[PDB]
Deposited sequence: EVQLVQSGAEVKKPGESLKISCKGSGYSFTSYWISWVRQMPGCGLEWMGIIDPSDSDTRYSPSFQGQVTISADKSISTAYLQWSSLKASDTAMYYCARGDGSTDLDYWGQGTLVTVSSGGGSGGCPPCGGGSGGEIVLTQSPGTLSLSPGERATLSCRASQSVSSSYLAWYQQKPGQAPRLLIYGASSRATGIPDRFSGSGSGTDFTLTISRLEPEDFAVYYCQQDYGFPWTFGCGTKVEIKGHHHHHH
C-alpha cells in the first residue's frame, strides 16, 4: 500500500526555523511529485508548493515563495518543508500529498501540527490571478439517506482531467475521492460520483451514509498556483 508518514507535532515561537518531513513508502519515490498543503485553524486547504524528487525542481504558490523551502532526499524517499522564520500565522496542520499529473493528489500524509505563539485567505480569491474555485453552498444540512449534490465553479475553464474532489472527515487528513472530474479513486464507495466540464462541476452522493458527514473540497491542478475550493460542510439535519 502507498503511504506517506509525516513527522510529529511542533511548537515554536515566531522567528524560529523549522523543518518537517514526509516519508514515502510502497511506491517509487522519484516517480511522483510531492505537494505541501496547509490548513490554518478553521480555514480551507491551501496549496503551498511542489517538488519533483527526481531533480528537486520546485514551484511555489506566490503566497509562500520566499517564506518556505521544499526539498527532498530521494535516497530515503523523504520530502521536507522548511521555514527560515516562522510567523504567528503559520499555525496550521501541514499535509504532504503525492501526485504525478494523472490522478491529482492521490495519497496524503496524516498531517503535522505546527503551532507558533503570539484569519483565512479570502474564499473569493486575492490579487494574485489564481484560478478560484467557488463551492456552493458552504454548508449542507441533510438527513441520513438523502441524496447530496455539491457544486464547484471555476473562475476560468479547467480541463476535466485536472479537477478533483477530496473528502476530509472530522479530525482526519483529506483523501482523494474523485479525480479527473468523474473517476472514482480506488476503494471509494460508488455512491460517490463526479461530473462536469469547463467551469461547472458536481459531486453527487447518492445516499448520505453516517460516515459521509464531512467536508468536501474541490481542487484544480490545471494552472499555477494549484487551488482548492473553500469546502462544503455536509452535516446532519436537526430532527
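Sequence ranges 119-123, 245-249 have no coordinates in this entry (deposited sequence, numbered from 1, C-alpha basis).
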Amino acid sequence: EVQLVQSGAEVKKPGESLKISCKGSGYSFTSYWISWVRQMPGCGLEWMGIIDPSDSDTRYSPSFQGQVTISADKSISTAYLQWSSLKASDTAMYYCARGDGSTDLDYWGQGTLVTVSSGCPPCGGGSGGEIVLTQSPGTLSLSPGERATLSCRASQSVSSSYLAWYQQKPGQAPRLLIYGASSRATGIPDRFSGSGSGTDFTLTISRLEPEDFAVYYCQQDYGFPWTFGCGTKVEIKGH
From here on, numbers count along this sequence of modelled residues.
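Comparing 108-116 with 127-135, the higher mean C-alpha B-factor in the PDB entry belongs to 127-135. Higher average CA B factor: 188-196, of the stretches 188-196 and 210-218. Take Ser35, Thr30, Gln39, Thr58 and read off each C-alpha B-factor from the entry; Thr30 has the highest.
The entry assigns its greatest Cα B factor, within the set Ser160, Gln167, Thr91, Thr78, to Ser160. Annotation for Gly24: CA B-factor lies in the lowest third of the chain's modelled residues. When the modelled residues of the chain are ordered by their C-alpha B factor, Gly49 lands in the lowest third. Ranked against the other modelled residues of its chain, the C-alpha B-factor of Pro174 as given in the entry falls in the lowest third.
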